[PDB]
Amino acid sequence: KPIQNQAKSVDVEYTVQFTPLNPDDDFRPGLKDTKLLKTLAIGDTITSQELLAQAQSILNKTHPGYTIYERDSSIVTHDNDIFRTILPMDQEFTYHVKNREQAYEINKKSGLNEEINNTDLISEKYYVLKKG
């Protein structure tokens, strides 16, 4: 891996899509629920159990009653990179923060390159059943 400056910290953000296997009304599509999970270092871990708990928590306040049934998909988008990390959506797993080049952005006042936290976006899709 032609890696020069290795990233220092990665902000891990979360987002989940809920699709019911029983069409209803309260299920308004287009929900933006992106939250900052935690800030981690390369190598650090994130479990599939944590992610679900997060997905379940969210659901508790975005679509009361319903309960997450089966995991549809789990993808990790790393700093606008094209290649993404595909997590096994059909068995428990553990995600390790991927190594990468340190991110940075232009300092508006100076015009020089300044370091900033790297980003990871974990997008999950779960199938839910209207709690009956």
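All residue numbers refer to positions in the sequence shown, first residue = 1.
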Q. So which stretch wins on mean C-alpha B-factor, 15-23 or 112-120?
A. 15-23
Q: Higher average CA B factor in the deposited record is what I'm after, so tell me if that's 88-96 or 48-56.
A: 88-96
Q) Highest CA temperature factor in the entry: which of 103, 75, 68, 82? A) 68
Q: Among all modelled residues of this chain, ranked by Cα B factor, put residue 34 in the bottom, middle or top third, i.e. lowest, middle or highest.
A: middle
